[PDB]
């Protein structure tokens, strides 16, 4: 029976730790896939941690240039949330250097993008077997979320990008049912840039917080209705949640356009709470270190900078990285609303550290009705490795 994700996202006051895999630390002696871009998605029975392997393991010579983002050895795999991305407990999902996945109440759907940069192919899987495909439509690194996709009443949706990673690119919403594509839409966002959207279900619609690697330090936002009509813009909040970025005091929000000159960026997330917003970000404003989430009153609908809550999950003396959102299935939380949860990726190795490799572990946090105390659940690995 299809999973009903039609409920509203629960209003949360704080965040509690769900899991921590300790992938790298274990990888010093255990058999762990060198990885990157991990994310969480849950079925009505369990939550899994998806990740992009590099076809090699930690502390092995094949972990050499594992910073190259894309290769034909890159594969999407999964384990139960909390377990390291070890070989022996892993489930194979798809061949990919970019991916997304989600359960529709009956089975798992995954989308792995691989192939050559100018004509990549996204293979859609459902039930452990390819079922449909999307070919590059702009011919320039067809890619996707790097976080959980969203399924509402049997239908699943996700966003893909194809084109430059700086100047204007192209963006689409895809809709599928049982692994078969049944709809797509072109997102008009002239001047705006969308990458690695972090999405979740809310009041029957798909809400995402993405990344603008062109000119904005504030994150793009889009609300997707099942029919495929949408709303694109930026997190109104007058606090920039991307990295790199500038000071908050010198920032001016906008729900319509990108602000700041900073070009690059990093995947991030955000949850709407009525008119408010829970927004995650690295503590360092120039680097991928530390991690905190702030709740801004009216932050979702106005250029507000009023902070009602702040919780640290990784201090600034430790490397962070990607971070995305997902929700707990009602069939597991017992609650009457979708529990918002996010994960934070913690990168170790190049380009910041003295190693031939690059990989990451993660920490997962979830909704909760109380305010939780600050702390640092960092990676903890001691670099460099025996190599």
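Numbering follows the first chain given and starts at 1. C-alpha atoms forming the largest set that superposes within 1.5 Å between two forms make up the rigid core.
Please tell me which region, 127-135 or 67-75, has C-alphas lying farther from the displayed form on average in 4 other deposited structures of this protein, with superposition done on the core.
With the rigid core fitted, 67-75 is the stretch that strays more in 4 other deposited structures of this protein.
Would you say which of 343-351 and 58-66 moves more relative to the shown form in 4 other deposited structures of this protein, going by RMS C-alpha distance with the core superposed?
Most displaced of the pair in 4 other deposited structures of this protein: 58-66.
Can you tell me whether 142-150 has a higher mean C-alpha B factor than 160-168 in this record, or the other way round?
That would be 160-168.
Averaging the C-alpha B factors as listed in the entry, name the stretch that ends up higher: 249-257 or 195-203.
The recorded data point to 249-257.
According to the deposited entry, which of 298, 218, 100, 131 has the largest Cα B-factor?
It is 298.
For the listed residues 212, 93, 104, 306, which one has the largest C-alpha B-factor as given in the deposited model?
Comparing C-alpha B-factors across 212, 93, 104, 306, the maximum falls on 306.
Residue 28 by Cα B-factor - lowest, middle or highest third of the modelled chain:
Residue 28: CA B-factor falls in the lowest third of its chain.
Consider only the C-alpha atoms of the modelled residues in this chain, order them by B-factor as the entry records it, and name the third containing residue 287: lowest, middle or highest.
Highest third - that is where residue 287 ends up once the chain's C-alpha B-factors are sorted.
Split the chain's modelled residues into thirds by Cα B-factor; is residue 44 in the lowest, middle or highest one?
Middle third - that is where residue 44 ends up once the chain's C-alpha B-factors are sorted.
Please place residue 353 in the lowest, middle or highest third of its chain according to the CA B-factor in the PDB entry.
It falls in the middle third of the chain.
Considering only modelled residues of the same chain, in which third does the CA B-factor of residue 267 rank: lowest, middle or highest?
Residue 267: CA B-factor falls in the lowest third of its chain.
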